[PDB]
Amino acid sequence: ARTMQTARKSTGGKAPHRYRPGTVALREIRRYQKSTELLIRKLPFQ
Amino acid sequence: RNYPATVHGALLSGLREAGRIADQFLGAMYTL
Ligand SMILES: Cc1cc2nc3c(=O)[nH]c(=O)nc-3n(C[C@H](O)[C@H](O)[C@H](O)COP(=O)(O)OP(=O)(O)OC[C@H]3O[C@@H](n4cnc5c(N)ncnc54)[C@H](O)[C@@H]3O)c2cc1C
């Protein structure tokens with residue numbers, strides 16, 4: 001085999017999930033623009 | 001097997017079989 005190669009040795013063969021900032025904000029925009037429920041609390045306002 | 005067609009291969013094969021024959025016909029005192 002290559003153990004007998006004395007010159008010109010043949011070397012061929014051997015060796016949680018986070019959302020991006022701004023996404024939840026936009027989703028909140030979509031959520032409250034569809035609804036009409038009051039946003040400010042009732043008792044602190046009173 | 002590991003050193004075929006070489007000088008050292010035949011050298012080790014001679015050492016091997018010499019040890020094999022001696023353990024066979026003289027007994028092995030180191031295996032106990
Ligand atoms: C051309 C060539 C180049 C080599 N180059 C390298 C090299 O660069 N490097 C390397 O590491 N190895 C090399 N080798 C290998 C190396 O020569 C051998 O490993 C070693 O010389 C032979 O060891 P052996 O005793 O097992 O074989 P042998 O010495 O051949 O053992 C057989 C013996 O039995 C005798 N015999 C044969 N037939 C009979 C019979 N009918 N009755 C009685 N006696 C008999 C023979 O004369 C011989 O003395 C080379 C071999 C050759 C042929």
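What counts as what
- Residues numbered from 1 in each chain as written, not as in the entry; some residues may be left out.
- Chains lettered and ligands numbered in written order.
- Part of a larger assembly, values for the part shown.
- Heavy atoms only, no water.
- Helix = DSSP H or I, 4+ residues; strand = E, 2+ residues; numbered from the N terminus.
- Buried < 20%, exposed > 50% of the residue type's maximum accessible area, 1.4 Å probe, protein only.
- Areas by Shrake-Rupley, 256 points an atom, 1.4 Å probe, with all protein chains shown as cover.
- Polar contact = N/O pair within 3.5 Å; in protein donor to acceptor, adjacent residues only side chain to side chain.
- Near = heavy atom within 4 Å.

- The deposited coordinates derive from X-ray crystallography, with the record listing a resolution of 4.9900 Å.

A few points about the overall build of chain A
Next up, step 1: When you go through chain A residue by residue, the secondary structure sums to 2 helices and 0 strands.
Next up, step 2: Each principal axis of the C-alpha atoms in chain A carries an extent, and together these give about 100 × 20 × 15 Å.
Next up, step 3: When the 46 residues of chain A are sorted by exposure, 0% land in the buried category.
Next up, step 4: In the form shown here, chain A has an accessible surface area of approximately 5,600 Å², with 55% of it arising from carbon and sulfur atoms.

Regarding the side chain of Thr6 of chain B
All names here are of chain B.
Next up, step 1: With respect to the helices and strands, the residue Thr6 is situated in the segment before helix 1 (7-25).
Next up, step 2: Judged by its relative accessible area of 16%, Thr6 is buried.
Next up, step 3: Within the structure, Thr6 has its side chain in polar contact with the side chain of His8 (distance 3.3 Å).
Next up, step 4: A distance of 3.1 Å separates a polar side-chain atom of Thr6 from the backbone nitrogen of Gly9.

Details of the site of the ligand
Next up, step 1: By nearness alone, every residue bordering the ligand is listed as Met4 of chain A together with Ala5, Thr6, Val7 and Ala10 of chain B.
Next up, step 2: In this structure, the ligand sits where chains A and B come together, each supplying nearby residues.
Next up, step 3: One nitrogen or oxygen atom from the main chain of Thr6 of chain B is found 2.5 Å from an oxygen atom belonging to the ligand.
Next up, step 4: Between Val7 of chain B and the ligand, the recorded distance is 2.9 Å, taken from a backbone N or O atom to an oxygen atom.
Next up, step 5: Protein chains bury 18% of the 1,000 Å² of accessible surface belonging to the ligand in isolation.

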